[PDB]
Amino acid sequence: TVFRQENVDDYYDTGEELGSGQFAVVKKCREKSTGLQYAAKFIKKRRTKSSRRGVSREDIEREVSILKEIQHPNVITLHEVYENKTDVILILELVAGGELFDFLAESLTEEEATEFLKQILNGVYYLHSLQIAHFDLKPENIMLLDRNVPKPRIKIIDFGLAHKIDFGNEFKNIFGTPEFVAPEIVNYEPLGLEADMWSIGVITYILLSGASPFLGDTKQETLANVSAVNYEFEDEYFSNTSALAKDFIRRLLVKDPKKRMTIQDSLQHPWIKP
């Protein structure tokens, strides 16, 4: 699919930088015709077929196709797409409360954690209902609408690894952040919606304790820990945490994807179900 090739600067004014990554930068922007504000993610294109720099057309088009499908309070909304020779530019809904990652850097109670988790679960329920696996769930990829309220609302972002799972699994060598990836990703096995539920388990552990369950001193150690399900609930962190909360995590951090809680299971779990 081709995108709008008019100069984005003719329709938007950019401002504050909102984020930055390997082949992308995100800038706050304002549409001239409406005065409405957005986030513009500029994604560098591949300059040749066999280069490893920039993002392939295939990966870019997959991400745009998924973003065009989704409309839910807990997932980011895509407004427009532009492109030129160097970049594809996603004009995205503006979310101004920063990353959950940065909010966490400033441990929650179980209520505060479930407040966040319920919204993450609802957003993932929407995605999995459409057979969309996100494949990169982590606190950095959850944004807050406003971080100065008692119960911040959240939106899932960063669908750069997301895939439609129309055959129950995909076999693609998809691979996200070592701390959060499921064993099947570490082992290069076929992947499905189940991998997101493992990631939710890691996120939950972090929300409750401020600690990462599998994190080693090197990437290879972290990956080895993940594959071996090498984690435990340290008493220093979890002594005041309910056994039901631990049960929720335990049923997600399960190596066999078929035995892992599904998104529907997670919403019906006694720790979550009201």
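Rigid core: the largest C-alpha set superposing within 1.5 Å between the two forms. Throughout, we count residues from 1 along the sequence that is shown.
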Item checked: RMS CA shift, core-fitted in 8 other deposited structures of this protein, bigger for 92 to 100 or for 128 to 136 -> 92 to 100
Check: Of the stretches 170 to 178 and 116 to 124, which sits farther from where it is here in 8 other deposited structures of this protein, on average over its Cα atoms, after fitting the core?
Finding: 170 to 178
Notebook entry, point to check: What is the count, as a class, of unmodelled deposited residues between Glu106 and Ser107: none, 1 to 3, 4 to 9, or 10 or more?
Noted result: 1 to 3
Notebook entry, point to check: With respect to the recorded C-alpha B factors, which stretch has the higher mean value, 138 to 146 or 124 to 132?
Noted result: 138 to 146
Notebook entry, point to check: So which stretch wins on mean C-alpha B-factor, 33 to 41 or 50 to 58?
Noted result: 50 to 58
Next item on the list: Name the one of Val88, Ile76, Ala96, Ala195 with the greatest CA B-factor according to the PDB entry.
Entry: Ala96
Notebook entry, point to check: Going by the deposited entry, which of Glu179, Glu83, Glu80, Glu170 has the highest CA temperature factor?
Noted result: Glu170
Checklist line | Record-listed C-alpha B factor of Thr114: chain third | finding: highest
Check: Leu267's Cα B-factor: lowest, middle or highest third of the chain?
Finding: lowest
Checklist line | Chain-wide C-alpha B factor ranking for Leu253, given as lowest, middle or highest third | finding: lowest
Item checked: Among modelled residues of the same chain, the CA temperature factor third for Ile174 -> highest
Note to self: Looking at the temperature factor on the CA atom of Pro152, which third of the chain's modelled residues does it land in?
What the structure shows: highest
